[PDB]
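Please read the structure below before turning to the comments.
Letters A, B, ... mirror the listed sequences (proteins, then strands); counts begin at 1. The analysis underlying the following values was restricted to heavy atoms, covering all of them including side chains, and did not include hydrogens, waters or symmetry mates.
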Amino acid sequence: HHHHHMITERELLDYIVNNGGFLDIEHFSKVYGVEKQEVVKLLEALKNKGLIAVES
Amino acid sequence: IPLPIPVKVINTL
């Protein structure tokens, strides 16, 4: 699959909302080509801005 | 202060 693709926090948040508040980091990294640690990094920034409440 | 959107996140490791 694809590697080192970059997305914005807004794109990830929009994806999450559109995906019913669900994110499979493995699947997402595979399909959209974003590194797993980059997805984690973006989630942390969303969490620290109080924009998302992470579960499971 | 935004209302936090709930997100279930899996397969993080």
Side-chain angles (χ1 to χ4, degrees):
Chain A
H1 59 265
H2 296 258
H3 305 273
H4 301 108
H5 279 250
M6 297 298 288
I7 56 165
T8 64
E9 296 174 22
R10 188 76 216 165
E11 280 171 312
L12 184 59
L13 182 62
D14 284 346
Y15 175 88
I16 288 160
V17 169
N18 293 328
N19 207 38
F22 179 83
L23 179 69
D24 176 338
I25 297 188
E26 192 64 31
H27 176 80
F28 187 90
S29 178
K30 201 259 273 166
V31 175
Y32 300 94
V34 189
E35 297 313 305
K36 287 193 69 157
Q37 67 273 9
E38 178 61 25
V39 177
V40 167
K41 179 172 148 82
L42 294 164
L43 282 171
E44 292 301 341
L46 288 173
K47 190 183 85 172
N48 295 334
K49 289 176 193 187
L51 290 172
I52 64 172
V54 177
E55 313 171 352
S56 285
Chain B
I1 166 162
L3 189 62
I5 293 159
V7 192
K8 184 189 165 105
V9 184
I10 70 168
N11 302 337
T12 69
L13 301 175

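Put simply, A:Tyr15 and B:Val9 are part of the same group of oily side chains (I, L, V, M, F, W, Y) that touch within less than 4.5 Å, one to the next.
Around atom NE2 of A:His2, no more than 12 heavy atoms belonging to other residues, nucleotides or ligands sit under 6.0 Å away. The local environment of NE2 in A:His5 is crowded, with over 12 non-hydrogen atoms from other residues, nucleotides or ligands closer than 6.0 Å.
Among A:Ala53, A:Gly50, A:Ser29, A:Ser56, the residue with the largest count of heavy-atom pairs under 4.5 Å with chain B is A:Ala53.
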Listing, residues 32-43 of chain A side-chain donor-acceptor contacts under 3.5 Å, not counting sequence neighbours, or none:
unit_1: A:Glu35; atom_1: OE2; unit_2: A:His4; atom_2: N; d: 2.7
unit_1: A:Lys36; atom_1: NZ; unit_2: A:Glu26; atom_2: OE1; d: 2.8
unit_1: A:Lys36; atom_1: NZ; unit_2: B:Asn11; atom_2: O; d: 2.9

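With a 4.5 angstrom heavy-atom cutoff, B:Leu13 touches chain A only via backbone atoms. Heavy-atom distances place the side chain of A:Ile16, and not its backbone, under 4.5 Å from chain B.
Taking CG of A:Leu13 as the start and CD1 of B:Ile5 as the end, the distance is 4.5 Å to the nearest 0.5 Å.
Contact between B:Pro2 and A:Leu51 at its shortest, heavy atoms only, is CG-CD2, 3.9 Å.
Close approach to chain B, defined as a heavy atom under 4.5 Å from one of its heavy atoms, is seen in A:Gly21, A:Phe22, A:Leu23, A:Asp24, A:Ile25 of residues 18-25 of chain A, taken by number.
Applying the salt bridge (charged side-chain N to carboxylate O under 4.0 Å, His left out) rule to pairs touching residues 5-15 of chain A yields A:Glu9-A:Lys49, A:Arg10-A:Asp14, sequence neighbours excluded.
Judged as a side-chain hydrogen bond (donor to acceptor under 3.5 Å, both in side chains), and not counting sequence neighbours, A:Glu55 has no contacts.
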